Ligand SMILES: CC(=O)Nc1c[nH]nc1C(=O)Nc1ccc(F)cc1
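In the entry's author numbering, the protein residues as written are 1 to 36, 45 to 147, 164 to 298.
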């Protein structure tokens, strides 16, 4: 702190509190996160170089008085608050599609540098007046969690981010969370009831996962047409590939960018009341 005046609390993150603050030198308005190892130090410092138009810029890491503060580019609103704000008519599809396309771009970036987010969720997704959307708060909600994580895979891949983003995608379209678990088992079982209990056909190796049980109930898959009306056939094809059980079949961000759903992408501006 010190060289930064807290203007307000804007969140109580996973790894600490987030403040809007103003730099007493630069004059600059930033987002200041107070965290709470040399290893936390080295991976954090790797973040400072992961720079992309769809990634919140990490301005500075202050390791001082034996505390950790992260200084971030300030954005004025997150996608959760924009969703609650837009619930009556919903986010216009060209806006949903621009948002998805840019997040795919951020993820294409991170993933090509072997960085996973691990915890995407509408609250970590930040928006500006210019129509941009950025990824923040890189890795108690269970809702956007990939099923390989829920099944206890320890060495899971970039495909987890693709799964979270498809859940966010579906949520923007229907104005309700795709899979609102309130426990890990409820989360897993909600995924199962919509998509089918997975098996060796759709996901080789699933019955050998650590937390998999033969006693899991055996639900049938519902059809996507019922899951996210009124997403068009392109949107639905893409969403279906983002939600493949097998993380190895699940579409990449780079491949998803080439999907015909984006043939007509544009960059609308949202109407944001700050
Ligand atoms: C976690 C993190 O890095 N957050 C941020 C970085 N820049 N801006 C933020 C942030 O949380 N901005 C908001 C401002 C106002 C809101 F209502 C919500 C988010």
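Virtual Cβ for every residue (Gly too), placed ideally from N, Cα, C.
key: Own chain, CB closer than 6 Å to residue 283, minus 5 neighbours either side, in chain order   = Here residue 283 has 262 as same chain residues with Cβ atoms under 6 Å from its own Cβ, once five neighbours each way along the sequence are excluded.
message = Is residue 123 close to ligand 1? I mean its beta-carbon at under 7 Å from any heavy atom of the ligand.
response = A distance criterion of 7 Å places the beta-carbon of residue 123 beyond contact range of ligand 1, judged by its closest non-hydrogen atom.
Reduced DSSP secondary structure (H/G/I, E/B, other) of residue 119 = helix
task = Starting from the Cα of residue 266, find the closest Cα among 190, 295, 272 and 236 and give me that residue.
result = For the residues 190, 295, 272 and 236, the minimum Cα distance to residue 266 belongs to 190.
request  = Kindly examine ligand 1 and report whether one of its heavy atoms sits closer than 7 Å to the Cβ of residue 33.
outcome  = Flag set: Cβ of residue 33 near ligand 1.
Proximity to residue 201 [Cα-Cα], best of 242, 274 and 251 = 251
ask   = At what residue ranges does the segment 175–201 contain a whole run of the alpha helix (DSSP H), taking only runs of 4 or more?
value = 183–198
message = Which runs of the alpha helix (DSSP H) at least 4 residues long sit entirely within the segment 207–276? Give them in chain order.
response = You should have 208–219, 248–251 and 257–266.
query = On the three-pair Cβ rule with 8 Å, is the segment 79–94 touching the segment 118–133?
reply = yes
Residue span of the alpha helix (DSSP H) that contains residue 47, given as start and end = 46–55
Whole-angstrom distance between residue 277 and residue 113, CA atom to CA atom = 7 Å
Residue 98 versus residue 198 - alpha carbon distance = 8 Å
message = Measuring alpha carbon to alpha carbon, tell me which residue in 109, 93 and 5 is nearest residue 288.
response = 109
query = Say the cut is 7 Å; is the CB of residue 145 nearer than that to a heavy atom of ligand 1?
reply = It does: the Cβ of residue 145 is within 7 Å (strictly closer) of some heavy atom of ligand 1.
query = Ordered along the chain, which non-local residues of its own chain (more than five positions away) have a Cβ less than 7 Å from that of residue 182?
reply = 119 and 124
task = Mind reading off the beta-carbon distance from residue 102 to residue 292? Whole number of angstroms is fine, and I expect it under 8 Å.
result = Contact holds; Cβ gap of about 5 Å.
task = Put residue 140 into one of helix, strand or coil per three-state DSSP.
result = coil
query = Beta carbon of residue 126, beta carbon of residue 139: below 8 Å?
reply = Contact flag unset, no.
message = How far does the beta strand (DSSP E) with residue 133 in it extend, from its first residue to its last?
response = 133–135
query = Can you tell which of 211, 232, 237 and 244 has the C-alpha that lies nearest to the C-alpha of residue 219?
reply = 244
query = When DSSP builds the beta bridges, which residues end up paired with residue 77?
reply = 34 and 70
Residue from 240, 270, 196 and 248 whose Cα sits closest to the Cα of residue 229 = Of 240, 270, 196 and 248, the residue nearest in Cα terms is 270.
key: Closer than 7 Å: residue 208 CB and nearest ligand 1 heavy atom   = no
ask   = Buried or exposed: residue 171, going by 16 or more other Cβ atoms within 10 Å of its Cβ?
value = Residue 171 is classed as buried because its beta carbon has at least 16 other beta carbons within 10 Å across all chains shown.
ask   = By Cβ distance, which residues of its chain are closer than 6 Å to residue 234, with the 5 residues on each side in sequence left out?
value = Setting aside the 5 residues that flank it on each side, residue 234 is surrounded in the same chain by 176, each with a C-beta closer than 6 Å to its C-beta; the list follows chain order.
key: Within 8 Å, strictly: CB atoms of residue 6 and residue 64   = no
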